[PDB]
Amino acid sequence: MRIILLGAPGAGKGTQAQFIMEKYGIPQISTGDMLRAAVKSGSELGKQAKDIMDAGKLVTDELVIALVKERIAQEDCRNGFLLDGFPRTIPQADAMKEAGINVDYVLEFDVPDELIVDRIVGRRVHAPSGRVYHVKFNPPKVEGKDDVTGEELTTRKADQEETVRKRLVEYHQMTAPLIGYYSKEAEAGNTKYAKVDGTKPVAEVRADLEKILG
């Protein structure tokens, strides 16, 4: 099973990735988690990407395409994978298509910009694992603490409203066109395409996704 999750930065796609990963027994390929992992490790890519990410701008297509192509070629992706935050540009999508990679499902999460800005104020993360919570819509079982390690949660410096708005500008200009890209691919018989209302509660979005994927 191969799946692409499409949606605005902050729409909640990553929260639903765990449910999908367990359903098909497939790994999550999140370019955001992978770039943040490079920064935490002190890799050369981490050194190159940090300033770009802090500016709320997209990392160069060539760097991300090479990172994803290497990740997909690994053993744990041979029986399927979930792309979460990739592709984010028409060149990233064309790179995968030209390489001969088709997916089974493209799932779009629709959430308006102002709801995202309001929502990200409450985003709290376990930086080491990438586990994400929301103080109100998806709270940790213990306030301020990770459910698995019990370690203090953090607020990403990149979640300042100004940087949230810069990411949403990049999204509408460079990423929103992938809705038409994959709707066309679905009409060509190269994938299935479905859209969910990401404004609903986490449990309701999960059930909608369960009905689409059966």
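Note that residue numbering follows the sequence shown and begins at 1.
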| property | result |
| --- | --- |
| Stretch exceeding the other in mean C-alpha B-factor - 29 to 37, 64 to 72 | 64 to 72 |
| Mean temperature factor over C-alpha atoms, higher-scoring stretch between 196 to 204 and 5 to 13 | 196 to 204 |
| Largest Cα B-factor, entry values, listed residues 125, 107, 93, 77 | 77 |
| Chain-relative CA temperature factor third for residue 186 | lowest |
| Relative C-alpha B-factor of residue 119, binned into the chain's lowest, middle or highest third | highest |
| CA B-factor ranking of residue 112, expressed as a third of its chain | highest |
| Position of residue 100 among the chain's modelled residues by C-alpha B-factor, lowest, middle or highest third | highest |
| Within-chain third of residue 167 by Cα B-factor, per the entry | middle |
